[PDB]
Amino acid sequence: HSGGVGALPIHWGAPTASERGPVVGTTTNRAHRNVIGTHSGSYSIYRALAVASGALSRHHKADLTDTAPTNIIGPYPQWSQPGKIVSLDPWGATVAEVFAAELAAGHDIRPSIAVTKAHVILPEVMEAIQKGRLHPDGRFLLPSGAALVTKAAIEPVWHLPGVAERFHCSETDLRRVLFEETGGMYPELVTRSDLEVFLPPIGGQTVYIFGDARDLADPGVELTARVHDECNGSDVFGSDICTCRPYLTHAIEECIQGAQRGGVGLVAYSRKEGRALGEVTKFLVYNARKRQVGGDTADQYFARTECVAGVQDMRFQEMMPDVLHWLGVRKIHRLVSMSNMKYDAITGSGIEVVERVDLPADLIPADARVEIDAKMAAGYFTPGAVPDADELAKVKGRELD
Amino acid sequence: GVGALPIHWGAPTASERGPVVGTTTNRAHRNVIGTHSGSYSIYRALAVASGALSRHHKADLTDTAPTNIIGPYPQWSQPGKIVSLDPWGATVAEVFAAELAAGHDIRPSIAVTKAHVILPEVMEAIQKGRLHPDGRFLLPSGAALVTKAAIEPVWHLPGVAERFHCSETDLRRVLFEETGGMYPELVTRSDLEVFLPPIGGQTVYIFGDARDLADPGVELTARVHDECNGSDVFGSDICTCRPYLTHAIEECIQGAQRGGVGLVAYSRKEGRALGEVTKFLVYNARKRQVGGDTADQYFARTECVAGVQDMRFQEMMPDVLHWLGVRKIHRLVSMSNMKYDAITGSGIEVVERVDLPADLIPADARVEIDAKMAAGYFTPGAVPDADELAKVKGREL
Ligand SMILES: [Zn+2]
Ligand SMILES: [Zn+2]
């Protein structure tokens, strides 16, 4: 017969979906693949187990009927600005619509983004109502404490030349180091320089929108926003060693209020557990903090991570604002965050920040003083005085056991 | 220099088992496929590429050792019993001290620490008089004292293949093919038996004394919870997840207070291990389908998108229980027949099954729990029949 069609080209950042080309990361037809890697982050490993055990056909293709976004997001000019969005596929939510022809031609194209709605009921919001900080309105916040949200799950899609620029290194070096430091994950990183797009086996993020997603692209609508990096031990389990769930739920409260007043709110939840070191390293460091000579002091907080991990933080907030540009955000009126790394990345990428909203002191959990004092001393935003050397030397961390 | 140390999976001593060497500081010492920290090896690569981290860096493990001694237990050296984590992975600094000193760069794959966990649901349990602080397990602040262990995945491929009733050769070929060619050593290095996959692991929360988990005479209350970010963190009312998790935590605290021990394992398998994008696509299809969001269509909506109902493969889930020495679960705070079958099929007796109280089912979670009960999840009461399952129990939008 004939050789069917080859792999469709990708022109990253092109002005239209058709010129950009679809990300084809499925494996039903190897000849159509035009990226390195596969969809769903880490969960490609579980898909492989499902095929190996006979539960899933390696020929299966998704039926996308009725799955399209509940809310229209974009397109926006940022989707085609050179180098602006390099770690997600701006077209990834609307593939069934914008690549309908390519799907009909036989290219097996999966969404990398999904957009739905939810009622989120957080205990802290229920308490906020009881305390008179929040008042149900029936539209954004119900008397039950439920907040109506749009939520979008975004899986990672990396344009390697653009990622390299974002980190000020050559694409060749980025790709060689990705290959070497993963123990040889995906040799195409070094053997297929013609493939520009990489679907890494990492978690993505989820955006929670309070109000109308279209207002995110209108700087005349007051936007309250937080980008939160995953901390399972607090975000789920409420460990009192850190500030994470308190800051997350404070931000959610402020987003609900912002929407109620006629604005819009945004919380992005990014899968970067333990400063992207993972939870094992995180717990090893907790142990060293508590056992060190002199006790758990803020002046040693970062040193304890450096000794185990060789760096303080591997989250690389340089890629974090891509989701904001995807949503059309040009201005954040209230940024519910303190990190100078996040603030520098956001403003450095062209997003104006007006008010910085620090975490209220009464929300710092009982053993989180070491963390927050160390962060303020390291340059995180605070409206008042930064802890001095003497304050940072106080043994504020609880003993082990 | 020296070559790669051999691995003899399931050996009775750490020295004979050999260390998992999954670092990249000396390629000649590597004796596994893949690298440590699950997905976060990718971020380590960015750190090296950007100049922030030296590719020569080795951890200083000083003072990082477990806060609680877990094992060794007989299960650690029973052939085929533990195939998806390294039983020695928490104690490498102790049991592989000689190998570390000889220049093998060996990382822990498990870390064990302590915490005070303060959950709003537990504080409310106290306020409502369901829980009473005792000063040792539960404080008046609502804090519960726990031991917690983070466990990253370490797969013995011959053992995983057996667990899944397929040949190791086929398992490794399919892993290679269905990931788009991730790690060709899966097919080119059959001599490497151990694989460190780029997936999330799990976290165990222990209420009481970890040593009691290995004593079937001590009443054990346990739940294995699979990650649901949209509920576990954000409290979406479409599912039962955070309610069941926090109910289990309440029951574990009480079990410890009565002189027993409690265990919650939190496993990183978002969306039935399909991931969150697929999960949300299915929510949309559920709400838009002709006839509305009905329990009799709940599983079909996932099948249409994903080709299967569930990819969590609970057949590997009991490994952590065997690592902890668990031989009996007196109170299993769970309903899933797949979890129950996997636990009991691995030889662990389950005495009481503790279903989720009806009053804890969130406002839009009735479709989910009714479909699950009809699918065989444990319930003491009536199973919904065909007519009940056809009711439009799901909220619009
Ligand atoms: Zn935290
Ligand atoms: Zn759930």
# chains A, B, ... in the order shown; residues from 1 in each chain; ligands from 1
$ residues_near_ligand --ligand "ligand 2" --cutoff "8 Å" --atoms "only C-alpha atoms and all ligand atoms" --output "ChimeraX atom specification"
/B:227-232,236,238-242,271
$ residues_near_ligand --ligand "ligand 1" --cutoff "7 Å" --atoms "only C-alpha atoms and all ligand atoms" --output "PyMOL selection string"
chain A and resi 231+233-234+242-244
$ atom_distance --atom1 "CA of residue 180 in chain A" --atom2 "CA of residue 45 in chain B"
7.9 Å
$ residues_around --residues "residue 392 in chain B" --least-positions-apart "5" --cutoff "10 Å" --atoms "only C-alpha atoms" --output "JSON, numbers by chain"
{"B": [291, 292, 293, 294, 295, 296, 366, 367]}
$ select_by_dssp --residues "range 159-281 of chain A" --states "strand (DSSP E)" --output "number ranges by chain"
A: 159, 197-199, 205-210, 223-229, 264-270
$ write_last_selection --atoms "C-alpha atoms" --output "compact mmCIF listing (two decimals), in the first residue's frame"
# COMPACT_ATOMS: atom_id res chain seq x y z
CA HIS A 159 8.66 23.38 24.00
CA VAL A 197 8.20 19.15 22.15
CA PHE A 198 8.54 17.01 25.29
CA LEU A 199 5.71 15.62 27.42
CA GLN A 205 -1.42 22.06 37.84
CA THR A 206 -5.07 22.84 38.49
CA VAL A 207 -6.52 26.35 38.27
CA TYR A 208 -9.57 27.33 40.33
CA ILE A 209 -11.43 30.36 38.97
CA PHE A 210 -13.88 32.33 41.13
CA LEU A 223 -8.06 39.98 40.07
CA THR A 224 -7.12 38.27 43.33
CA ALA A 225 -4.67 35.43 42.71
CA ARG A 226 -2.39 32.88 44.37
CA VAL A 227 -0.05 30.32 42.83
CA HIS A 228 0.25 27.54 45.41
CA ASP A 229 2.84 24.75 45.23
CA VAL A 264 -12.41 37.64 39.69
CA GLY A 265 -10.26 35.21 41.66
CA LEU A 266 -7.69 32.61 40.71
CA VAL A 267 -5.84 29.88 42.63
CA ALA A 268 -3.33 27.76 40.73
CA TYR A 269 -2.31 24.51 42.45
CA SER A 270 1.00 23.28 41.03
$ residues_around --residues "residue 56 in chain A" --least-positions-apart "2" --cutoff "8 Å" --atoms "only C-alpha atoms" --output "PyMOL selection string"
(chain A and resi 47+50-51+53-54+58+60) or (chain B and resi 307-308)
$ write_last_selection --atoms "N, CA and C atoms" --output "short mmCIF file (atom, residue, chain, number, x, y, z; two decimals), in the first residue's frame"
data_model
loop_
_atom_site.label_atom_id
_atom_site.label_comp_id
_atom_site.auth_asym_id
_atom_site.auth_seq_id
_atom_site.Cartn_x
_atom_site.Cartn_y
_atom_site.Cartn_z
N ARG A 47 -1.00 3.46 32.68
CA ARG A 47 -1.59 3.04 31.41
C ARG A 47 -0.84 1.85 30.83
N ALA A 50 -1.86 -1.21 32.52
CA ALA A 50 -3.18 -1.64 32.07
C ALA A 50 -3.10 -2.37 30.73
N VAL A 51 -2.22 -1.92 29.83
CA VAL A 51 -2.05 -2.65 28.58
C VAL A 51 -1.38 -4.00 28.83
N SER A 53 -1.39 -5.93 31.39
CA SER A 53 -2.24 -6.91 32.06
C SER A 53 -3.45 -7.32 31.22
N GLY A 54 -3.64 -6.71 30.05
CA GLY A 54 -4.77 -7.04 29.20
C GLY A 54 -6.04 -6.29 29.50
N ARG A 58 -4.20 -1.65 23.56
CA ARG A 58 -3.24 -0.66 23.07
C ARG A 58 -3.79 0.10 21.88
N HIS A 60 -6.90 1.48 21.94
CA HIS A 60 -7.99 2.33 22.40
C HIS A 60 -7.69 3.79 22.12
N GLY B 307 -11.05 3.78 28.24
CA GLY B 307 -10.93 2.41 27.78
C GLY B 307 -10.97 1.37 28.88
N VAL B 308 -10.94 1.79 30.14
CA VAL B 308 -11.06 0.93 31.31
C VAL B 308 -11.79 1.75 32.35
#
